[PDB]
Amino acid sequence: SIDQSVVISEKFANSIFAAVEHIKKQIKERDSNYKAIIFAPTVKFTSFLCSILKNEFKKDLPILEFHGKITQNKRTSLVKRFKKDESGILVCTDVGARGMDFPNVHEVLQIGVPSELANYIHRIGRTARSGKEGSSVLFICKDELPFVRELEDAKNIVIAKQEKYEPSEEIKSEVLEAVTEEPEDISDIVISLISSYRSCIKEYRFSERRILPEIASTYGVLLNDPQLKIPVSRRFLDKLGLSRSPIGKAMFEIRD
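Position in the sequence shown (first residue = 1) + 104 = this note's numbering.
See the structure below:
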């Protein structure tokens, strides 16, 4: 069946670098004969993740962006294309996972956790549908580990292959050099992640006080300044409902 594994980083942002080096290695070892699907938590992050992969890999493989605000016409034509292609990377949200049958995928990658436990199962079921071998890799940070524990408890799913990861400065520079986003765009993306993760904190039994600062600090990581907090307005923080809440001060800076 599906050969499952997990790559555990110290920081959420490191999962980005982990995915990049893994992909780099697969492109090398397979001589660009590589067809893969990578799942992500939000639309904005999918677009971002897609921007990076285009910058890194456009010379080697096609990169296709698939999510829930895309028109049905465009969905079908992109499905048609990825069905036909011998290689390429489909970057998507939980928009897929169900029903779609994509032949000869070598690997399924996941950055971070799904919106529900069962969606882990649907995600991985996109490969190994018509006799082929296949692997799956879950890229998470230390503070997401209770999810893996929850897989054993609720679904009896034990992922045997587990390893730790720390990125080199070389890969960090390579990835950061490919980030073309302005600060306002990085802010939008990271805020989307915060909301997404915030919404599954209780369900997966995460510690909010550890995970949320860790997600927010990605803002500083991608802008190469790890003591930088996310600039926001008071009205906005109020909208989020964190205007009187601790933790938000550790994540955000009120430049209103």
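Where is the CB? At the ideal position from N, CA and C, for every residue including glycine.
| query | Assuming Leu194 contacts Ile141 under a Cβ cut-off of 8 angstroms, what Cβ separation, rounded to an integer in Å, is found between them? | reply | Stepping through the sequence shown from its first residue, residue 194 is reached at position 90. Stepping through the sequence shown from its first residue, residue 141 is reached at position 37. That pair is a contact at about 5 angstroms.
| message | Can you tell me where the beta strand (DSSP E) holding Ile261 begins and where it ends? | response | Within the sequence shown, numbered from 1, the residue matching residue 261 stands at position 157. Run containing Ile261: none; DSSP gives neither H nor E here.
| How would you call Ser155, buried or exposed, if buried means at least 16 neighbouring beta carbons within 10 angstroms? | Along the sequence shown, one-based indexing puts residue 155 at 51. The residue in question, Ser155, is buried, as its Cβ has 16 or more Cβ neighbours within 10 Å.
| message | Considering only the alpha carbon of each residue, which of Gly235, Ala117 and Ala122 lies closest to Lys268? | response | On the sequence shown, position 164 is the one that residue 268 refers to. Ranking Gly235, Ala117 and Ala122 by Cα distance to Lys268 puts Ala122 first.
| task | Please name the residue in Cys304, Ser109, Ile112 and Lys333 whose C-alpha comes closest to that of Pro317. | result | The sequence position of residue 317 within the sequence shown is 213, counting from 1. Minimum Cα distance to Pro317 is reached at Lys333.
| Between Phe149 and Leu297, what straight-line distance do the alpha-carbon atoms span, to the nearest angstrom? | Walking along the sequence shown from the start, residue 149 turns up at place 45. Walking along the sequence shown from the start, residue 297 turns up at place 193. Looking at the two C-alpha atoms, the distance is approximately 7 angstroms.
| Which whole-angstrom value is the C-beta distance of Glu270 and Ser240, which I expect to be below 8 angstroms? | Within the sequence shown, residue 270 is the residue found at index 166, counting from 1. Within the sequence shown, residue 240 is the residue found at index 136, counting from 1. That pair is no contact at about 22 angstroms.
| query | Leaving out five residues before and five after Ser291 in sequence, what residues of the same chain have Cβ atoms less than 8 angstroms from its Cβ? | reply | Reading the sequence shown from its first residue, position 187 is the one you call residue 291. The answer, listed in chain order, is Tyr323, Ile334, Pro335 and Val336.
| said: I'd like to know whether the C-beta atoms of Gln266 and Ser119 end up nearer to each other than 9 angstroms. | reply: Residue mapping note: residue 266 aligns to position 162 of the sequence shown, counting from 1. Residue mapping note: residue 119 aligns to position 15 of the sequence shown, counting from 1. Contact: no.
| request: Provide the residue span of the beta strand (DSSP E) that contains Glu169, from first to last. | output: Position 65 of the sequence shown holds residue 169. It spans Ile167 to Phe170 - the beta strand (DSSP E) in which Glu169 sits, taken as one unbroken run.
| query | What residue range is occupied by the uninterrupted alpha helix (DSSP H) comprising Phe243? | reply | As a first step, residue 243 must be located in the sequence shown, where it is residue number 139. Where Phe243 is concerned, there is no enclosing alpha helix (DSSP H), although the beta strand (DSSP E) it sits in stretches over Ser239 to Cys245.
| task | Just confirm the distance between the C-beta atoms of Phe152 and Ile293, as a whole number of angstroms; I'd bet it's less than 8 angstroms. | result | Stepping through the sequence shown from its first residue, residue 152 is reached at position 48. Stepping through the sequence shown from its first residue, residue 293 is reached at position 189. About 5 angstroms; that satisfies the 8 angstroms criterion.
| query | Counting Cβ pairs, one atom from each stretch, are 3 or more of them under 8 angstroms apart for the stretch 175-193 and the stretch 126-140? | reply | yes
| task | Flag this pair as touching only if the stretch 167-177 and the stretch 304-317 have three or more C-beta atom pairs under 8 angstroms; answer yes or no. | result | no
| task | Round the Cβ separation of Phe170 and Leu213 to the nearest angstrom and send it over; I've been treating them as touching at under 8 angstroms. | result | For the purposes of this step, residue 170 is taken as residue 66 along the sequence shown, with counting starting at 1. For the purposes of this step, residue 213 is taken as residue 109 along the sequence shown, with counting starting at 1. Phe170 to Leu213, Cβ: 14 angstroms. No contact.
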